[PDB]
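Chemist: experimental coordinates for this protein are included below, preceded by the sequence.
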Amino acid sequence: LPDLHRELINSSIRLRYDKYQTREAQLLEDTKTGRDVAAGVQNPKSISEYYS
Amino acid sequence: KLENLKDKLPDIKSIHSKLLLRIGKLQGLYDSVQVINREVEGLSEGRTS
């Protein structure tokens, strides 16, 4: 028994640590607005012609 | 889809020009009436024929 006992605790601690880390990562990802992704477009000329 | 818009500029352009032509004709039509009405006034005010 005790070998499994002091393995379950390690697994659970690690699980919660990853849960925290992934919450952090998701919240960091969600702040990137559209303009940031769209700043890299190649040719603005055709776009401006289109919209005008 | 935002990258490649040079290939979709023509069609819209066409419609635009087409619309313009239509307006022109309609405008012309109104101008036409604005002459004939005037001529009819000519017949009413006395005799000028």
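Modeler: That came through, no problem. Residues are numbered from 1 along each chain as shown, chains lettered A, B, ... in the order given.
Chemist: contacts and neighbour counts: CA atoms only from here.
Modeler: Will do.
Chemist: residue of chain A nearest chain B, please.
Modeler: Of all residues in chain A, the one sitting closest to chain B is residue A:46 (5.8 Å; C-alpha to the nearest C-alpha).
Chemist: buried residues of whatever helix or strand that residue lives in, list them for me.
Modeler: Counting by DSSP states H and E, the element that carries residue A:46 is helix A:44-51. For helix A:44-51, a neighbour-count test (16 or more other C-alpha atoms under 10 Å in any protein chain shown) marks A:46, A:47 as buried.
Chemist: tell me the contacts of the residue nearest to the spatial centre of chain B?
Modeler: To find the centre residue of chain B, average its C-alpha atoms and take the closest one (C-alpha atoms, centre = their mean): that gives residue B:24, at 2.1 Å. Neighbouring residues of residue B:24 by C-alpha atoms under 8 Å, 6 or more residues apart in numbering or on different chains: there are none.
Chemist: that one sits in which helix or strand?
Modeler: For residue B:24, the host element (DSSP H and E) is helix B:9-44.
Chemist: could you give the angle of that helix to helix A:44-51?
Modeler: Using axes from the mean of the first three to the mean of the last three C-alpha atoms, to 10 degrees, one finds that helix B:9-44 and helix A:44-51 are set 30 degrees apart in direction.
Chemist: how distant is helix B:9-44 from the center of its chain?
Modeler: Relative to its parent chain, helix B:9-44 has a centroid offset of 3 Å by C-alpha atoms, centre = their mean, to the nearest Å.
Chemist: count the neighbours of residue A:22 for me.
Modeler: Residues contacting residue A:22 under the criterion other C-alpha atoms under 10 Å in any protein chain shown number 12.
Chemist: state the helix or strand in which it lies.
Modeler: helix A:2-29.
Chemist: and for residue A:41?
Modeler: Secondary-structure element containing residue A:41, defined by DSSP H and E: none, the residue being outside all helices and strands.
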